[PDB]
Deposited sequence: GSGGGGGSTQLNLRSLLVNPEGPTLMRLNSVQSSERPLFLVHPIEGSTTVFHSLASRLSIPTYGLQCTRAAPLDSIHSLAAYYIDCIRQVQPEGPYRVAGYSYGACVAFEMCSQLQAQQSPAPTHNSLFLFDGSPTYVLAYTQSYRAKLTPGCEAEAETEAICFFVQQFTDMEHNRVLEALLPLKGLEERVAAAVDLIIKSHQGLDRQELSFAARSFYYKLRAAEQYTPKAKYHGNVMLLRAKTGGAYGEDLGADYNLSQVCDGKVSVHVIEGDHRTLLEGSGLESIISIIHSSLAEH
């Protein structure tokens, strides 16, 4: 596909970035990236929202040892613009899991006072990401980390080139460790796209593996007491609430939205989401 710079983050970029020019005292919406770590997917939404909108992007500054560490770091970044709650948080896809942990940590900090934080999940959940990682893992040799590394880096290379799965798998499988798999992957992508930045790609390939690892290993400590809204694609089985009932003990509202996983933040889907958010800020 095109705009490959949407699959890449500036590793020396800021974690928190304005995504619209709305200047007002109304509390901002913070939007958490999909797995590629960029805020690109949110530009249409942000340009249409009548409240100040920021994006959270995944730079060299982000800790990826756990979803818990990542979420704590994104809360600290948010407080550089909004020191005090309540907080409006959304996440898309991989970002849905991360935003959920941020709201849990904010709940814990204030316990037992009820927070009036708002959480929106764009087509994912703690479980939606787990389901994906468990699928890819369950077609591999168990206990064979080299095969997991190979699988992750192969998927990354396939988002930049049209190379067949098996020929990328063959090239990466016999290599000594992650850093060699990363170096081989950047050389393959550079061949297809000679002007892309080697350090951007290196950071993107390595972090892709670490992001997947953090997501597998994630389970909320306790359940989220706040009320959540899920905005899931009309065109996707994992369940109607993507298993949020298992991790929330508050009001879980599900809206089905025109489009698929990739298109629901655009076109007809985007109109519905904008109307839902704009009324839902109430």
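Numbering from 1, run down the deposited sequence and write out every stretch that has no C-alpha in the structure. In sequence order, the gaps with no modelled C-alpha are 1 to 9, 246 to 250, 297 to 298.
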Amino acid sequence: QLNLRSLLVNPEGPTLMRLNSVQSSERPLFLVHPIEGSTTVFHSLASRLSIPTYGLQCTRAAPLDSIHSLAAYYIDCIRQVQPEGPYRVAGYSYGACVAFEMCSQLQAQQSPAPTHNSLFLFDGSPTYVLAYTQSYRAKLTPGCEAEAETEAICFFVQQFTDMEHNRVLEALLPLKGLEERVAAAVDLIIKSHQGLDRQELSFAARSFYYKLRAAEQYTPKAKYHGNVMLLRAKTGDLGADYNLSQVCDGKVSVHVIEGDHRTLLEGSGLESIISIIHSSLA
From here on, numbers count along this sequence of modelled residues.
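When the other PDB entries of this protein are compared, is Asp237 left blank in at least a third of them? Residue status for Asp237: gap in at least one third of the other entries.
Other compared entries: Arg137 unbuilt in at least a third? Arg137: unmodelled in a third or more of the comparison entries.
Higher-B stretch (mean Cα B-factor, as the entry records it), 140 to 148 or 119 to 127: It is 140 to 148.
Which wins on mean Cα temperature factor, 85 to 93 or 128 to 136? The stretch with the larger mean CA B-factor is 128 to 136.
Compare the CA B factors listed in the entry for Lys223, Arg60, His43, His68 and report the winner. Spelled out: the listed residue with the top C-alpha B-factor is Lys223.
Largest Cα B-factor, entry values, listed residues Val32, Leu29, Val228, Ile35: Each of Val32, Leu29, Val228, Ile35 was compared by C-alpha B-factor; the highest is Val228.
Consider only the C-alpha atoms of the modelled residues in this chain, order them by B-factor as the entry records it, and name the third containing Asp76: lowest, middle or highest. For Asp76, whose C-alpha B-factor we compare with every modelled residue in the chain, the answer is the middle third.
Considering only modelled residues of the same chain, in which third does the CA B-factor of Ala240 rank: lowest, middle or highest? Its C-alpha B-factor belongs to the highest third of this chain's values.
Lowest, middle or highest third: which one holds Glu164 when the chain's residues are ordered by CA B-factor from the entry? For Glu164, whose C-alpha B-factor we compare with every modelled residue in the chain, the answer is the highest third.
Taking the C-alpha B-factors as the PDB entry records them, is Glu258 in the lowest, middle or highest third of its chain? Ranked within chain, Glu258 CA B lands in the highest tercile.
What third of its chain, lowest, middle or highest, does the C-alpha temperature factor of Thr219 fall into? Tercile = highest for this residue's CA B-factor.
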